[PDB]
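Report on one structure; see the data block that follows.
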Amino acid sequence: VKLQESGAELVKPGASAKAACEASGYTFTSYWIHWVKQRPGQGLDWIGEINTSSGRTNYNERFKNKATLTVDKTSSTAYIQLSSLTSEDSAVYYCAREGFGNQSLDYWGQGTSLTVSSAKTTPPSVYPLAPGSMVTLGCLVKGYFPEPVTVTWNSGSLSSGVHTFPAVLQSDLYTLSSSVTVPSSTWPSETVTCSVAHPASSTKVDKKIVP
Amino acid sequence: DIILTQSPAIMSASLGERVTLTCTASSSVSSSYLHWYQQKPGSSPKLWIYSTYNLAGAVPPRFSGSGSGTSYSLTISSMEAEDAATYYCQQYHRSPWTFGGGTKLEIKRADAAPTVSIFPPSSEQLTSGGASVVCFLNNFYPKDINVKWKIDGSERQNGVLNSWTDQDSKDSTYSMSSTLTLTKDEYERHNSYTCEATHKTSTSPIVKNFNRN
């Protein structure tokens, strides 16, 4: 039951991080905890196991010298510490409980999203994508950091026929675009406005598409 | 150093169809220590089957698994929409513990052509010396597609970044964005810009153009 890890962690390359995974709803010392790594778009890669009673560890060789696992049985929390960080370490880090079923992983945490970048917060540029029965318009949202941005169209009253694409790392900055299809007798007579929010720099930008 | 191979990595099935995923091990694993996990995008994996055959908490009985030695599988008798996801095997027979590379199971639907749209660099962007040309390829199936950029008739591969949506949960299409980034001076040295989309629903490319002036 439960397993609470932080959702996101931003760290500079070269540095170290210590991500915490707090159990609850079970007798913590009865179960081992495993950490698993998942690179953006990729599969699952075991890091290592820790016996929660005794503190003894076993490591995927690959991560020997990258990861240290530890426990504190007094607070019911497992820890992972990644050293000497590079862009290659950017990944979701899951803590899992090993579960009486023959070492199978019965409960997972929601995972900690670790980003290894030097970038500073940087708000986005918002560029209208206007063409030169249906018409497609769009919004290029470029040069921001960190994730996420949210993009709506006319504040949310254009919800259907929208595609907002996943971000890509262009430089050490993110870029993404969003498309909206509307009926052609709607635009340009009625207004279509890209609404773009970037919380991390407390910025909203509204951009209308003009012909 | 026991490699688990999941072939194929990607699979399509219609709703109602029987489905079989395979996990193959490079050396015998004891069926007791073989497991399966399901993962949907942005969620954590979940235990689906453990010790080869045992359905986990909440797994419907349309699912079964079997195997032994180097040959394991997970069967879905009659596919349902909920069952589209990525499934991983995993072994605990010898350390280091490993997973297979996963089989992503998507839903089969009728083929469809991408609606293609090209957009020149906006004026706002040109005032910074940047210049991005954007092509949307929207609502197509199957996922496999090729996108080619041509500047004054010649192919360009430098400065192109793509991005794909996840199988649409309502209509089971996919979409893609293609973005060609040039300097402003670069963009202004040339006239014709084309996005050519190739896809199994036609033999000739879908072609979208503009000429700046």
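Chain labels A, B, ... are given in the sequence in which chains occur in the structure tokens; within each chain residues are numbered consecutively from 1, and ligands are likewise numbered from 1 in the order shown.
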
Residues of chain A within 8 Å of chain B: nearest atom pair and distance (Å, one decimal) for each, counting only C-alpha atoms, sorted by chain and number, as a Markdown table?
```
| residue | atom | partner | partner_atom | distance |
| --- | --- | --- | --- | --- |
| A:43 | CA | B:101 | CA | 5.5 |
| A:44 | CA | B:99 | CA | 6.5 |
| A:45 | CA | B:99 | CA | 6.9 |
| A:46 | CA | B:98 | CA | 6.3 |
| A:59 | CA | B:96 | CA | 7.6 |
| A:60 | CA | B:96 | CA | 5.7 |
| A:61 | CA | B:96 | CA | 7.9 |
| A:94 | CA | B:44 | CA | 7.7 |
| A:101 | CA | B:50 | CA | 6.8 |
| A:102 | CA | B:33 | CA | 5.8 |
| A:103 | CA | B:92 | CA | 7.1 |
| A:104 | CA | B:50 | CA | 6.5 |
| A:105 | CA | B:47 | CA | 6.4 |
| A:106 | CA | B:47 | CA | 5.6 |
| A:107 | CA | B:46 | CA | 7.2 |
| A:108 | CA | B:44 | CA | 6.6 |
| A:109 | CA | B:44 | CA | 7.1 |
| A:110 | CA | B:44 | CA | 5.7 |
| A:111 | CA | B:44 | CA | 6.9 |
| A:127 | CA | B:122 | CA | 6.2 |
| A:128 | CA | B:122 | CA | 6.2 |
| A:129 | CA | B:119 | CA | 5.7 |
| A:130 | CA | B:119 | CA | 6.3 |
| A:131 | CA | B:119 | CA | 5.6 |
| A:132 | CA | B:210 | CA | 6.7 |
| A:136 | CA | B:117 | CA | 7.0 |
| A:163 | CA | B:175 | CA | 7.7 |
| A:164 | CA | B:165 | CA | 7.9 |
| A:165 | CA | B:165 | CA | 5.9 |
| A:166 | CA | B:163 | CA | 6.3 |
| A:167 | CA | B:163 | CA | 7.6 |
| A:168 | CA | B:163 | CA | 7.4 |
| A:177 | CA | B:177 | CA | 7.4 |
| A:179 | CA | B:136 | CA | 7.5 |
```

If you measure from CA of residue 38 (chain A) to CA of residue 89 (chain A), what distance in Å do you get, rounded to one decimal?
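So the two atoms, CA of residue 38 (chain A) and CA of residue 89 (chain A), lie 9.8 Å apart.
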
Take CA of residue 104 (chain B) and CA of residue 146 (chain B) and report the distance between them in Å, one decimal.
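Atom-to-atom, CA of residue 104 (chain B) and CA of residue 146 (chain B) are spaced 20.7 Å apart.
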
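Nearest to residue 70 (chain B) of all the residues B:23, B:9, B:206, B:180 is B:23, based on only C-alpha atoms.
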
Given only C-alpha atoms as the counted atoms, nearest of A:134, A:69, A:149, A:78 to residue 184 (chain A)
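Ranking A:134, A:69, A:149, A:78 by distance to residue 184 (chain A), first place goes to A:134.
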
Show me, as a PyMOL selection string, the residues that have an atom within 8 Å of residue 68 (chain B) when counting only C-alpha atoms, minus same-chain residues fewer than 6 positions from it.
chain B and resi 28-31

Please write the residues from the selection above to a file, keeping N, CA and C atoms, as a compact mmCIF listing (two decimals), in the first residue's frame.
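As written to disk, selection-v8.txt reads:
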```
# COMPACT_ATOMS: atom_id res chain seq x y z
N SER B 28 17.81 -21.28 -19.61
CA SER B 28 16.66 -21.73 -18.82
C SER B 28 16.43 -20.83 -17.57
N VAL B 29 15.19 -20.41 -17.37
CA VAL B 29 14.77 -19.82 -16.09
C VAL B 29 13.70 -20.71 -15.50
N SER B 30 13.74 -20.80 -14.17
CA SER B 30 12.79 -21.59 -13.41
C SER B 30 11.52 -20.77 -13.41
N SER B 31 10.45 -21.40 -13.91
CA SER B 31 9.12 -20.82 -14.06
C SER B 31 8.61 -20.05 -12.81
```

Kindly indicate which residue among B:108, B:113, B:171, B:39 lies nearest to residue 203 (chain B), using only C-alpha atoms for the distances.
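So, comparing all the options, the nearest one is B:113.
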
Skipping near chain neighbours, those fewer than 5 positions away, what residues fall within 12 Å of region 187-204 of chain A using only C-alpha atoms, listed as a PyMOL selection string?
chain A and resi 120-131+133-159+162+164+174+176-182+209-211

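Among the candidate residues B:156, B:150, B:189, B:18, the one lying nearest to residue 75 (chain B) is B:18, with distances computed using only C-alpha atoms.
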
Quick one: pick out all strand (DSSP E) residues within region 10-210 of chain B from a backbone DSSP run and write them as an MDAnalysis selection string.
chainID B and resid 10:13 19:29 34:39 46:50 54:55 63:76 85:91 98:99 103:107 115:119 130:140 146:151 154:156 160:164 174:183 192:198 206:210

Return as a list in words the full set of residues in region 45-196 of chain B whose backbone-based DSSP assignment is helix (DSSP H, G or I).
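For region 45-196 of chain B, the helix (DSSP H, G or I) set is residues 81, 82, 83, 123, 124, 125, 126, 184, 185, 186, 187 and 188 of chain B.
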
Write out, as a PDB file, in the first residue's frame, the residues just selected, with C-alpha atoms.
```
ATOM      1  CA  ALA B  81      -9.356  -1.675 -25.321  1.00  0.00           C
ATOM      2  CA  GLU B  82      -8.031  -1.567 -21.691  1.00  0.00           C
ATOM      3  CA  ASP B  83      -5.387  -4.163 -22.719  1.00  0.00           C
ATOM      4  CA  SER B 123       7.344  37.131 -38.506  1.00  0.00           C
ATOM      5  CA  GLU B 124       7.784  37.156 -34.692  1.00  0.00           C
ATOM      6  CA  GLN B 125      10.363  34.377 -34.975  1.00  0.00           C
ATOM      7  CA  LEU B 126      12.251  36.054 -37.783  1.00  0.00           C
ATOM      8  CA  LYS B 184      17.007  33.496 -40.659  1.00  0.00           C
ATOM      9  CA  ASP B 185      19.768  34.198 -43.193  1.00  0.00           C
ATOM     10  CA  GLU B 186      19.657  30.541 -44.273  1.00  0.00           C
ATOM     11  CA  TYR B 187      15.810  30.656 -44.652  1.00  0.00           C
ATOM     12  CA  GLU B 188      16.023  33.842 -46.751  1.00  0.00           C
TER      13      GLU B 188
END
```

For region 21-30 of chain A, find every residue with an atom within 6 Å (counting only C-alpha atoms), except residues of its own chain fewer than 5 positions away, and show them as a PDB file with C-alpha atoms, in the first residue's frame.
```
ATOM      1  CA  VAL A   1       0.000   0.000   0.000  1.00  0.00           C
ATOM      2  CA  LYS A   2       1.223   3.604  -0.866  1.00  0.00           C
ATOM      3  CA  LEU A   3       5.076   4.127  -1.592  1.00  0.00           C
ATOM      4  CA  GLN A   4       5.631   7.950  -1.875  1.00  0.00           C
ATOM      5  CA  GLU A   5       8.437   9.366  -4.019  1.00  0.00           C
ATOM      6  CA  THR A  52      15.250  -3.335   4.460  1.00  0.00           C
ATOM      7  CA  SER A  53      15.808  -5.170   7.770  1.00  0.00           C
ATOM      8  CA  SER A  76      10.161   3.562   6.759  1.00  0.00           C
ATOM      9  CA  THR A  77      12.074   5.154   3.828  1.00  0.00           C
ATOM     10  CA  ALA A  78      14.394   3.794   1.152  1.00  0.00           C
TER      11      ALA A  78
END
```
